[PDB]
């Protein structure tokens, strides 16, 4: 079956950030789910949700979004079989130092960290593209279009 991306955020306050990821997945033609669950406060709810998705026989990725000290990405990553992507929401608290909670994983916990929500979506697409030629075609068009916009911007100048 088709690829699936599960976008899991710790709080409804993260929804703006999540929708940016979702919007971009939609341009790659990649199905997504958007869910809310907190690692520390609703662990059992999160586990029961992950079991449901894990049971689907289709290629899947999880993109985990948690502000402040991000425990969610590692929690999900240590539970599910396949790859996951951490895409924390932006914060300038302590000059951005919440980022270290996403970076500093133990050996054996391996979420892919990406800062920009459009890049989390692009990484997800490029992961599927190793085996999905339709998604590979979409990635090519997207990345070529990004390069062409820059060159055109220069042409408007010289």
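Numbering follows the first chain given and starts at 1.
Enquirer: Taking the mean of the C-alpha B-factors per stretch from the entry, tell me the winner out of 130-138 and 146-154.
Expert: It is 146-154.
Enquirer: Return whichever of 112-120 and 49-57 has the greater mean Cα B factor according to the PDB record.
Expert: Going by the record's values, the stretch with the higher mean is 49-57.
Enquirer: Highest Cα B-factor in the deposition, which of 28, 32, 94, 100?
Expert: Top of the list by C-alpha B-factor: 28.
Enquirer: Based on the deposited C-alpha B factors for this chain, I'd like to know if residue 1 is in the lowest, middle or highest third.
Expert: According to the entry, residue 1 has a C-alpha B-factor in the chain's highest third.
Enquirer: Sorting the chain's CA B-factors, does residue 36 end up in the lowest, middle or highest third?
Expert: CA B-factor rank for residue 36: middle third.
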